[PDB]
Amino acid sequence: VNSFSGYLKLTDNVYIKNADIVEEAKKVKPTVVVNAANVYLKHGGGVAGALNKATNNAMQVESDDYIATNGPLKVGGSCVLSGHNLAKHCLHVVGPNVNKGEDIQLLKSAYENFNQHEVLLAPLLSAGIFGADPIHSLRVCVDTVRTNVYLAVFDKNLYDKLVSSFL
Ligand SMILES: CCC(=O)Nc1nc(C)c(S(=O)(=O)Nc2cccc(C#N)c2)s1
(Lines give C-alpha, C1' and ligand atoms only; values in the text may rest on other atoms or scores of the structure.)
Protein backbone atom coordinates (compact mmCIF):
# COMPACT_ATOMS: atom_id res chain seq x y z
CA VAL A 1 0.00 0.00 0.00
CA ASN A 2 1.43 3.37 -1.16
CA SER A 3 0.19 7.00 -1.12
CA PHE A 4 -1.06 7.53 -4.72
CA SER A 5 -4.82 8.19 -4.62
CA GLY A 6 -7.24 8.89 -7.47
CA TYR A 7 -5.73 6.63 -10.13
CA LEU A 8 -7.98 4.83 -12.60
CA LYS A 9 -6.82 1.24 -13.15
CA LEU A 10 -5.53 0.68 -16.69
CA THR A 11 -3.61 -2.59 -16.25
CA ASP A 12 -2.09 -4.86 -13.63
CA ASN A 13 0.87 -2.51 -13.25
CA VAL A 14 -0.29 0.77 -14.86
CA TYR A 15 -2.61 3.33 -13.19
CA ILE A 16 -3.49 6.69 -14.68
CA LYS A 17 -4.64 10.08 -13.38
CA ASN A 18 -5.63 13.44 -14.91
CA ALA A 19 -3.04 15.80 -13.37
CA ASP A 20 -0.08 18.14 -13.82
CA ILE A 21 2.94 16.01 -12.84
CA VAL A 22 4.47 18.92 -10.85
CA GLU A 23 1.43 19.38 -8.59
CA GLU A 24 1.18 15.57 -8.17
CA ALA A 25 4.82 15.23 -7.00
CA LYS A 26 4.46 18.10 -4.49
CA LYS A 27 1.53 16.25 -2.83
CA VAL A 28 2.83 12.62 -2.90
CA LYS A 29 6.61 13.22 -2.65
CA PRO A 30 7.20 9.86 -4.38
CA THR A 31 10.45 7.94 -4.26
CA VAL A 32 10.92 8.54 -8.02
CA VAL A 33 9.48 11.20 -10.32
CA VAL A 34 10.27 10.84 -14.04
CA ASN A 35 11.31 13.90 -16.02
CA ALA A 36 10.73 14.07 -19.77
CA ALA A 37 14.30 15.15 -20.38
CA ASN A 38 16.46 15.92 -23.40
CA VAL A 39 20.04 14.66 -23.83
CA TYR A 40 21.45 18.02 -22.62
CA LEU A 41 19.24 18.11 -19.50
CA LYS A 42 18.16 21.59 -20.63
CA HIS A 43 14.87 22.03 -18.75
CA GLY A 44 13.34 24.95 -20.69
CA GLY A 45 9.75 23.85 -21.29
CA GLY A 46 7.12 21.13 -20.79
CA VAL A 47 7.39 18.76 -17.83
CA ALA A 48 11.12 19.51 -17.51
CA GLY A 49 10.66 23.30 -17.29
CA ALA A 50 7.66 22.88 -14.99
CA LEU A 51 9.49 20.44 -12.75
CA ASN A 52 12.59 22.62 -12.87
CA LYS A 53 10.60 25.79 -12.13
CA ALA A 54 9.07 24.07 -9.07
CA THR A 55 12.62 23.39 -7.75
CA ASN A 56 13.49 27.12 -8.08
CA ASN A 57 16.05 26.12 -10.81
CA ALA A 58 17.97 23.76 -8.47
CA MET A 59 17.25 20.90 -10.88
CA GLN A 60 18.95 22.85 -13.71
CA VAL A 61 21.99 23.71 -11.55
CA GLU A 62 22.47 20.05 -10.61
CA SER A 63 21.89 19.00 -14.23
CA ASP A 64 24.48 21.40 -15.65
CA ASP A 65 27.09 19.97 -13.23
CA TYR A 66 26.10 16.42 -14.32
CA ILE A 67 26.54 17.26 -18.03
CA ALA A 68 29.84 19.08 -17.45
CA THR A 69 31.19 15.90 -15.82
CA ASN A 70 29.56 13.17 -17.92
CA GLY A 71 28.49 14.65 -21.26
CA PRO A 72 25.06 14.25 -22.82
CA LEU A 73 22.70 11.32 -22.35
CA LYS A 74 21.67 9.03 -25.20
CA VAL A 75 18.20 9.23 -26.73
CA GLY A 76 16.51 6.30 -24.98
CA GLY A 77 18.79 6.71 -21.95
CA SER A 78 18.42 8.07 -18.43
CA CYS A 79 20.20 9.21 -15.32
CA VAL A 80 19.16 9.39 -11.65
CA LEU A 81 19.61 12.77 -9.94
CA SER A 82 18.04 14.45 -6.90
CA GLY A 83 14.27 14.87 -6.64
CA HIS A 84 14.81 18.19 -4.77
CA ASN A 85 11.54 19.32 -3.11
CA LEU A 86 9.41 17.04 -5.37
CA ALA A 87 10.65 13.45 -4.76
CA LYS A 88 13.53 11.50 -3.31
CA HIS A 89 14.95 10.98 -6.83
CA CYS A 90 14.34 12.30 -10.32
CA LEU A 91 14.81 9.78 -13.13
CA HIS A 92 15.59 11.93 -16.19
CA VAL A 93 14.52 9.83 -19.20
CA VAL A 94 15.09 10.87 -22.83
CA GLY A 95 12.33 9.75 -25.15
CA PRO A 96 12.73 10.44 -28.87
CA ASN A 97 11.62 13.90 -30.00
CA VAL A 98 9.69 13.39 -33.29
CA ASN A 99 9.91 17.19 -33.92
CA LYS A 100 13.74 16.85 -34.02
CA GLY A 101 13.59 13.78 -36.34
CA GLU A 102 14.58 11.16 -33.72
CA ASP A 103 13.63 7.48 -34.18
CA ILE A 104 10.26 6.61 -32.53
CA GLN A 105 11.52 2.98 -32.11
CA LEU A 106 13.68 4.32 -29.25
CA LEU A 107 10.52 4.89 -27.19
CA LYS A 108 10.59 1.29 -25.95
CA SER A 109 14.24 1.68 -24.88
CA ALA A 110 13.30 4.86 -23.00
CA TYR A 111 10.53 3.09 -21.09
CA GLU A 112 12.86 0.18 -20.18
CA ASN A 113 14.64 2.59 -17.81
CA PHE A 114 11.50 2.54 -15.63
CA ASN A 115 12.09 -1.17 -14.87
CA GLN A 116 15.07 -0.25 -12.66
CA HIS A 117 12.63 1.34 -10.12
CA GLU A 118 9.90 -0.47 -8.16
CA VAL A 119 7.45 2.47 -8.18
CA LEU A 120 7.42 5.70 -10.25
CA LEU A 121 5.32 8.80 -10.89
CA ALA A 122 5.74 9.44 -14.60
CA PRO A 123 4.37 11.22 -17.68
CA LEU A 124 3.80 9.53 -21.04
CA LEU A 125 7.20 9.62 -22.74
CA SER A 126 7.56 11.42 -26.11
CA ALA A 127 4.11 13.10 -25.62
CA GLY A 128 3.33 16.83 -25.36
CA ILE A 129 5.85 18.87 -27.40
CA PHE A 130 7.96 15.75 -28.14
CA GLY A 131 5.62 15.14 -31.11
CA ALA A 132 4.43 11.55 -30.61
CA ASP A 133 0.87 10.24 -30.37
CA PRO A 134 0.07 9.67 -26.64
CA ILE A 135 -2.11 6.62 -27.47
CA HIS A 136 1.05 5.01 -28.88
CA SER A 137 3.18 6.09 -25.91
CA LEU A 138 0.66 4.56 -23.49
CA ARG A 139 0.65 1.30 -25.47
CA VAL A 140 4.46 1.10 -25.37
CA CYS A 141 4.42 1.92 -21.63
CA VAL A 142 1.95 -0.87 -20.85
CA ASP A 143 3.83 -3.36 -23.06
CA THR A 144 7.32 -2.48 -21.69
CA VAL A 145 7.16 -1.39 -18.03
CA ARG A 146 6.80 -4.20 -15.49
CA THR A 147 7.25 -2.13 -12.32
CA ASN A 148 4.47 -0.01 -10.77
CA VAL A 149 3.95 3.16 -12.80
CA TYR A 150 1.55 6.00 -11.89
CA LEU A 151 0.99 8.08 -15.05
CA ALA A 152 -0.04 11.73 -15.13
CA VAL A 153 -1.84 13.29 -18.15
CA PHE A 154 -2.44 17.05 -17.82
CA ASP A 155 -5.17 17.67 -20.44
CA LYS A 156 -8.63 16.35 -19.48
CA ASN A 157 -9.77 15.90 -23.08
CA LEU A 158 -6.62 13.82 -23.79
CA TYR A 159 -6.88 11.80 -20.53
CA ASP A 160 -10.47 10.91 -21.47
CA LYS A 161 -9.37 9.91 -24.99
CA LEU A 162 -6.54 7.76 -23.58
CA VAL A 163 -8.88 5.88 -21.22
CA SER A 164 -11.70 5.45 -23.76
CA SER A 165 -9.38 4.12 -26.47
CA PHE A 166 -7.28 1.86 -24.21
CA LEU A 167 -7.27 -1.80 -25.28
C1 LIG B 1 2.87 23.90 -16.45
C2 LIG B 1 2.87 22.49 -15.92
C3 LIG B 1 2.74 21.41 -16.96
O4 LIG B 1 2.77 21.58 -18.13
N5 LIG B 1 2.63 20.10 -16.40
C6 LIG B 1 2.43 18.95 -17.19
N7 LIG B 1 2.28 17.74 -16.57
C8 LIG B 1 2.02 16.73 -17.56
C9 LIG B 1 1.80 15.27 -17.21
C10 LIG B 1 1.99 17.30 -18.85
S11 LIG B 1 1.61 16.34 -20.34
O12 LIG B 1 0.29 15.72 -20.18
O13 LIG B 1 1.44 17.28 -21.45
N14 LIG B 1 2.70 15.08 -20.64
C15 LIG B 1 3.95 15.32 -21.30
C16 LIG B 1 4.75 14.24 -21.57
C17 LIG B 1 5.97 14.42 -22.21
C18 LIG B 1 6.35 15.69 -22.58
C19 LIG B 1 5.53 16.77 -22.31
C20 LIG B 1 5.94 18.18 -22.71
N21 LIG B 1 6.24 19.22 -23.01
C22 LIG B 1 4.32 16.60 -21.67
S23 LIG B 1 2.27 18.88 -18.80
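Our structure is the block above this text.
Reading the values: the criteria
Residues numbered from 1 in each chain as written, not as in the entry; some residues may be left out. Heavy atoms only, no water. Helix = DSSP H or I, 4+ residues; strand = E, 2+ residues; numbered from the N terminus. Rg over C-alpha atoms; globule rule 2.2 N^0.38 Å. Buried < 20%, exposed > 50% of the residue type's maximum accessible area, 1.4 Å probe, protein only. Contact = heavy atoms within 4.5 Å. Areas by Shrake-Rupley, 256 points an atom, 1.4 Å probe, with all protein chains shown as cover. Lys, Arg positive; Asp, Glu negative; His and termini not counted. Charge placed at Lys NZ, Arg CZ, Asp CG, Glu CD. Near = heavy atom within 4 Å. Polar contact = N/O pair within 3.5 Å; in protein donor to acceptor, adjacent residues only side chain to side chain. 1 Å grid on protein atoms, 1.4 Å probe; cavity = no way out; pocket = protein on both sides within 12 Å on 5 of 7 lines; lining within 4 Å. Sits in = over half its atoms within 2 Å of the grid points. Salt bridge = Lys/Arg side-chain N within 4 Å of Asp/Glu carboxyl O.

Some words on the overall build of the protein chain
Tallying secondary structure elements over the protein chain gives six helices and seven strands in all. Starting at the N terminus and ending at the C terminus, the protein chain contains elements arranged as β-β-α-β-α-α-β-β-α-β-α-β-α. For the protein chain, the C-alpha radius of gyration of 15 Å lies close to 15 Å, the compact-globule estimate for 167 residues. Counting only C-alpha atoms, the protein chain reaches 45 × 35 × 30 Å along its principal axes. Taking all 167 residues of the protein chain together, the buried fraction comes to 51%. Taking the contacts inside the protein chain whose residues are at least 6 apart along the sequence as the reference set, 66% of them involve residues at least 24 apart. As presented, the protein chain carries roughly 8,200 Å² of accessible surface, and 51% of it is formed by carbon and sulfur atoms. Placing the 15 positive and 15 negative side-chain charges of the protein chain at their respective mean positions leaves the two points 3 Å apart.

What about the site of the ligand?
If you check the shell around the ligand, you find 16 residues, and the closest are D20, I21, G46, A152 and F154. Between a nitrogen atom of the ligand and a side-chain N or O atom of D20, the distance comes to 2.6 Å. Relative to its free-state accessible area of 540 Å², the ligand is covered by the protein chains to the extent of 78%. Placement of the ligand is best described as lying within the largest pocket. In terms of residue count, the dominant contributor to the shell around the ligand is helix α2 (residues 46–54) (three residues).

Quick notes on the pattern of salt bridges
One pass over the full model with this rule turns up four salt bridges. In this structure, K26 and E23 form a salt bridge, with 3.0 Å as the shortest nitrogen-oxygen distance. In this pair, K26 and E23 both sit in helix α1 (residues 21–28), three residues apart, roughly one turn of the helix. With a relative accessible area of 43%, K26 lands in the partly exposed category. Taking the relative accessible area as the measure of exposure, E23 reaches 45% and is therefore partly exposed. Between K156 and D160 there is a salt bridge, with the nearest N and O atoms lying 3.5 Å from each other.

This is a description of form; function is not addressed.
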